[PDB]
């Protein structure tokens, strides 16, 4: 099995910059039988390049591919907004055909610290016996951020889940939610609920808290 | 154009059959698990019925085609939760096609739009909707908790409020139920004067909730 390794996993570039994506094969690929695909969230992959360097019909000229043997590259000469997407390589010269694990081309914009908000459980939810505490990190860049929950200054572990949006269409930031789930009985055993946020746009960690 | 059949929800141990309707070339099936890459399942040469399957799926997969309706089929059995994915059909290019016996490989184009298949022991359940109350910009939202299957849709003020809305991807809990939140940032000065209502819809349960969120 020819394994295909794509690098980097994420490529952060400003619109207008040149993008070069790498596909590296564990074995030499038979006769440049390699293709590239673009995929956007919710949509099917779309063929861009085949036979390593041939442009599929109706694909913009700013996409080009080259390479042979074990090393292949996809180049986007100048990135346009429609080009930020995930890209996959595929070899179809040896059985079985195989795919790379994808490179995300991400929009680089100016760094933005998150605005942090905390939300206590509603009375309506407590009526049903559970308590969810939500910490929101809004409109930040880059994606790397850390959220920690403290309950009466005691670090929590194992009882929270995170979700992150795709880069916002207008301003290219991320937002992130962290949700701490406790039984109603455990929730009433403590007073202070806090989320502490670290991000490179913050001079020091930000805490938001409430007293039950 | 390749039109695929609608989304499926299946229990472990069951089987699913997905169709791919052409609007000549071999037809291949590929899947993509949530947040993962692409995985080849198998393919068929529809005029001649010749199939080839990836070794991972041999024994529990059948691909078939009806030349008279220009439709291809994928039947996957012995389903487990790790078979949750979007399933794509795609045509294998004829020009310069790479033959290895009965196996035909090439670039893939066009592609079907995909079929979501969820495999889970969970039962259909509508969400509970809880306010995330606002405490010079304020944030508020709605917590849409404990539903199955995907999807839910959320709007604000019947679609009149779109600026600054973020609806998060659902998270799958250990219970097997999904949860998500939708939030919006608004001027703190509007908290007394403007009404904010989140509109939640979950079609499998005909859940339709309009939750007013206030301080």
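Each residue of the stretch B:83-180 gets 198 Å³ once the volume of the Cα convex hull is shared out per residue.
Per-residue packing, averaged as other Cβ atoms within 10 Å, sorts the ranges A:17-23, A:97-103, A:1-7 into the order A:97-103, A:17-23, A:1-7, beginning with the highest.
Shielding of peptide B:32-39 by partners, expressed as the average count of other chain Cβ atoms within 10 Å per residue Cβ, is 4.
In µm²/s, what is D for the stretch B:44-92 at 37 °C and 0.692 mPa s, where D = kT/(6 pi eta Rh) by Stokes-Einstein and Rh is the Kirkwood radius from Cα pairs? Estimated via Stokes-Einstein, D reaches 272 µm²/s. For the stretch B:11-85, the equivalent ellipsoid derived from the alpha-carbon gyration tensor has semi-axes of 22, 13, 12 Å in decreasing order. Relative contact order for the stretch A:4-107: 38 percent, from Cα pairs under 8 Å spaced at least 6 residues apart, divided by residue count.
Across peptide A:129-142, the mean count of Cβ atoms from other chains lying within 10 Å of each residue's own Cβ comes to 3. Remark: mean inter-chain Cβ contacts per residue of B:98-109 equal 6, using a 10 Å Cβ-Cβ cutoff to other protein chain atoms. Using r as the Cβ-Cβ distance of residue B:113 and residue A:188, and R0 as 35 Å, what FRET efficiency do you calculate, to the nearest 0.05? Rounded to the nearest 0.05, the efficiency is 0.10.
In the stretch A:115-211, the ratio of gyration radius to Kirkwood radius, Rg to Rh, stands at 1.00 when only Cα atoms are counted.
Using the alpha-carbon positions of the protein assembly as shown, Rg (one decimal) and Dmax (whole number) come out as 24.2, 73 Å. Across every direction, the projection of the convex hull enclosing the Cα atoms of the stretch B:128-213 has a mean area of 5.6 nm².
Rounded to the nearest 500, the 222 nm mean residue ellipticity of the protein assembly as shown from helices alone is -500 deg cm²/dmol, with -39,500 (n - 2.57) taken per DSSP H run of at least 4 residues. Centre-to-centre, using Cα atoms only, the stretch B:3-69 and the stretch A:190-212 are separated by 48 Å. Over the stretch A:4-107, the alpha carbon radius of gyration divided by the compact-protein estimate 2.2 N^0.38 Å works out to 0.99. For chain A, taking Cα atoms only, Rg and Dmax work out to 22.7, 67 Å respectively.
Across chain B, the volume of the C-alpha convex hull divided among the residues equals 154 Å³ per residue.
Only the coordinates and a few stated rules stand behind these numbers; no lab work does. Positions of Cβ are generated from backbone atoms using ideal geometry, with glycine treated the same way; all protein chains shown enter the neighbour counts.
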